[PDB]
Every structure is written in structure tokens, then in C-alpha cells.
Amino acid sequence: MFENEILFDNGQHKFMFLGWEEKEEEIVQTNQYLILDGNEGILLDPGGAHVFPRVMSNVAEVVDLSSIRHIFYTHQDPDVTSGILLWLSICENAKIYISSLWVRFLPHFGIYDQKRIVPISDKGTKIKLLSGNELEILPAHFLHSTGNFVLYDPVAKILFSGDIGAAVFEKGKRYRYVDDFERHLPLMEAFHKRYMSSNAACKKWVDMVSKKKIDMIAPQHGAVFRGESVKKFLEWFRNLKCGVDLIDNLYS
């Protein structure tokens, strides 16, 4: 498997889980997403330079690249942003949304028209689509990056969670969707305990995002949460001891 897959479709609006490399390579596994709304496209963490040819081809078989009007970057990491020059070049109509904390860091990649970058203030923002639909950019700071956002699609009822919900797959055992949360949890525990900053940051985020109607959680790594695994993930994450909570394993 691992072709482009449709997470949500109501005719006017689609949320797509883009395809994967067919064979495991020596690189951290990543997920990219495409939202289509009328005639305009939105890319979610379309990713690094090395995967760019593959992701670009996944996108191009679904939509003309000139119809990508918005590109959302959750944070600054290489698995998210390092293809930025390539995306700016091939998607001539795309605006890029990233935390204000990182807008002056992206020019380190190379030269581009910096007016195509929209800073996101800490408390979040909304992307206004031409059809009148909206995408909500919600704060998710320190999970893990100090400047970090998630994106909630209120039409699809899908939360794109970035690094939150990541899973590290066992060799040869990748899978796209979470059914049994308890058998999935072993793939998530180490990543979250080490990368996420503290229970205070996790609890704050869960309290905020739980106000939304979330049918699926789509992370930037690992497998997409469906069904009851959504609420079970939010419950587990809210109580997680992580990061500086466990500081005695990180210092001295």
C-alpha cells in the first residue's frame, strides 16, 4: 500500500494523506498532507529537500501545483522545512505560514521573496479560503519546538497534529492507521517522553484542542488516529511525564 489516501471527502473539500516511500530508508519516517477546497490546495508540512521529488509527484497527480495557495509549517525542523526553496519555486502561488519565531531563520536556506512568508503570532490564526471555509492554526508550543503549531480542519474534523502523536515504527512493520491504541502506544512512548517539553505543555495543549470536534488525528510522523484511539491518545498525552519532567536523565 502507501499510496495517496483520502481521509475526508465531501465533494467540495478533501483531506489527503500523501503516499510513502515504498521501502524503508535510513531517514526518519514522515507524513505529508494535502487539503483541497474548491480549486485551491493547502500543503501541511510538505517536508524536506530529499523527499521533495516524491512528495511533489504525489501532489501533482492530484492537483496542479499552481493551485497550491497555502503551505503550513508547524515548526522549523529539517523534516518539515528544508524543502522550502523547492516548494517556493514549483508552487509559484503558494504563501508559507510559519511561527514568527522562525521567519528570520528560514532565509538561512537561501534567497526567496520573503513577503511570501506569513508569520503566525503565538496564539494562532486562521487561513481564510476562497470558498469561505477556514483552517484554524492553533498553538502547540514546546511540543516539541518552542515555536510550534497544529492545524484543525473544521470541515473535515481532522486535527493535523505535527510531531504530537508521532510513532517510531518497528523495522518492516509500518502501517498507516491506528486502531488499537494500546498496541500502538509502545511505538510512541519513548519519542514523546524524550522530545516533548513537559506535562505542563502537554496538558495545556490537550485542554485547548479538546474543545474541537476531532474525528481523526493526523501526525507528521507515524500513523493516523481514527475511532476511539483519538480520545485515548488525548487522555494518555494529557498525563504524560516528559522532557524537563525527567531532567535527571538529561543533565549530569
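Residue indices: 1-based, along the sequence shown.
Mean Cα B-factor comparison, 173-181 or 138-146, giving the higher one as deposited: The recorded data point to 173-181.
Can you tell me which stretch has the higher mean Cα B-factor, 206-214 or 47-55? Result of the comparison: 206-214.
Which has the highest CA B-factor per the PDB entry: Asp122, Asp77, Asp163, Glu92? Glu92 has the highest C-alpha B-factor of those listed.
Relative to the other modelled residues of the same chain, rank the CA B-factor of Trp20 and answer lowest, middle or highest third. Middle third by C-alpha B-factor.
Quick one: classify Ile84 as lowest, middle or highest third of the chain based on its Cα B-factor. Its C-alpha B-factor, which the entry lists for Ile84, ranks in the lowest third among residues of this chain.
Check where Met188 lands among this chain's C-alpha B-factors and tell me if it's the lowest, middle or highest third. Middle third by C-alpha B-factor.
Consider only the C-alpha atoms of the modelled residues in this chain, order them by B-factor as the entry records it, and name the third containing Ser99: lowest, middle or highest. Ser99: CA B-factor falls in the lowest third of its chain.
In terms of the CA temperature factor given in the entry, to which third of its chain does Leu159 belong: lowest, middle or highest? Ranked within chain, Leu159 CA B lands in the lowest tercile.
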